[PDB]
Amino acid sequence: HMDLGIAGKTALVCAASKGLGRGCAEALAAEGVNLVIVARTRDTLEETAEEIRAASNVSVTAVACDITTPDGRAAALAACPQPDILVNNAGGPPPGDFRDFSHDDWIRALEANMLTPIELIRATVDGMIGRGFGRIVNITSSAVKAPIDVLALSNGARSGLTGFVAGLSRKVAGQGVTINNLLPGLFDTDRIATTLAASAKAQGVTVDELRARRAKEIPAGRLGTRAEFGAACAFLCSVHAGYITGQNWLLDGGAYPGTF
Ligand SMILES: NC(=O)[C@H]1CN([C@@H]2O[C@H](COP(=O)(O)OP(=O)(O)OC[C@H]3O[C@@H](n4cnc5c(N)ncnc54)[C@H](OP(=O)(O)O)[C@@H]3O)[C@@H](O)[C@H]2O)CC[C@@H]1[P+](CCC(=O)O)(CCC(=O)O)CCC(=O)O
């Protein structure tokens, strides 16, 4: 079986008490990576930390903070000053029409889903370079490959992060650091349960009916799972992915129709 070669390393995993971030944390812990996990809500984060500790043989430190604020980033970096692995993630922006998005709505989305990842990279990449090993994985969205009609804030902010990452990945590649993006299609998380319920109500169908329709519309016929998302993250973080950088890995069951 495949030794990812990262046992004993340390990962800062953002926005990881639930969903895709949690799947990444669990996958890294299963490969022996010590974790600092961040989310805003203490009780949920502490329960996730307990669950990961019990199922793995690694240290798990929970930091309850808002990763999109200076104080939150300072708290995360105080707990994890020199990570080998950084998984960037935060809550996504709200849906709507851009006629309703103030300058401050745009700034909030840019801060959460573009500038916060850039700042955490700025704070951690030189330590990785100095050690000759680093892995940075940004959780973005299929929206960067095909815009989502109601998510202009994501289409914009996450494409901005993607362009920045394209440049930085190539600049730091000679020092054993890779920077890649993981782009989820439709994944079976609590966030999607909330979205589907609101969409089903607006459409006059049941949420179970809408979920089944959305699954059938995806070529694979199902939603993605946090476990398989985390497995791809773990592979990117491994000693077997050192020649992969600046890449946008789309996990979507074939939903995006572009050849590239
Ligand atoms: N599932 C999914 O399908 C997706 C998830 N997405 C993003 O990936 C992040 C994680 O998303 P997911 O893991 O699903 O969210 P979940 O709620 O389960 O977990 C969140 C954890 O983050 C903690 N947390 C939140 N905020 C902070 C903070 N400020 N500080 C610290 N921790 C924080 C929180 O904890 P708290 O802080 O305590 O609240 C939880 O621990 C996310 O950016 C999402 O947008 C990417 C793609 C898809 P799409 C459908 C794409 C297609 O169809 O092709 C497009 C979304 C977009 O383009 O924007 C969802 C569409 C919709 O939503 O209608």
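Note that we place each Cβ from the backbone using ideal geometry, even for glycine, and neighbour counts take in every protein chain shown. Where a number appears in this text, it was derived from the coordinates with a stated rule and is not lab data.
Based on the Stokes-Einstein relation at 20 °C and a viscosity of 1.002 mPa s, and on the Kirkwood radius from alpha carbon pairs, the chain is assigned a translational diffusion coefficient of 115 µm²/s. Neighbours of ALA200 by Cβ distance under 13 Å: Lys/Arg scored +1, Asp/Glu scored -1, total +2.
Between the helical axis of 152-172 and the longest alpha-carbon principal axis of the chain there is an angle of about 30 degrees. Is the shape of segment 145-260 rounded, prolate or oblate, going by the alpha carbon gyration tensor and its root eigenvalues a ≥ b ≥ c, with a/c under 1.5 for rounded and a/b larger than b/c for prolate? Verdict is prolate for segment 145-260. Close amide H contacts of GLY134 (hydrogens built in the peptide plane, cut-off under 5 Å, sequence separation of 5 or more or a different chain): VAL177, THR178. Of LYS145, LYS18, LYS201, which has the largest mean-square fluctuation in a 10 Å C-alpha GNM of the chain? Top of the fluctuation ranking is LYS201. Charge tally around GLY134: other residues with Cβ under 15 Å, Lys/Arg +1 each, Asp/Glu -1 each, net +4.
When you count the other C-beta atoms within 10 angstrom of each residue and take the mean per peptide, 92-99, 38-45 line up highest first as 38-45, 92-99. Scanning the chain for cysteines with no neighbouring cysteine C-beta under 4.7 angstrom from their C-beta gives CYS14, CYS65, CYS80, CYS237. Diagonalising the gyration tensor over the Cα atoms of segment 194-260 and scaling each eigenvalue by 5 before taking the square root yields semi-axes of 32, 14, 10 Å, largest first.
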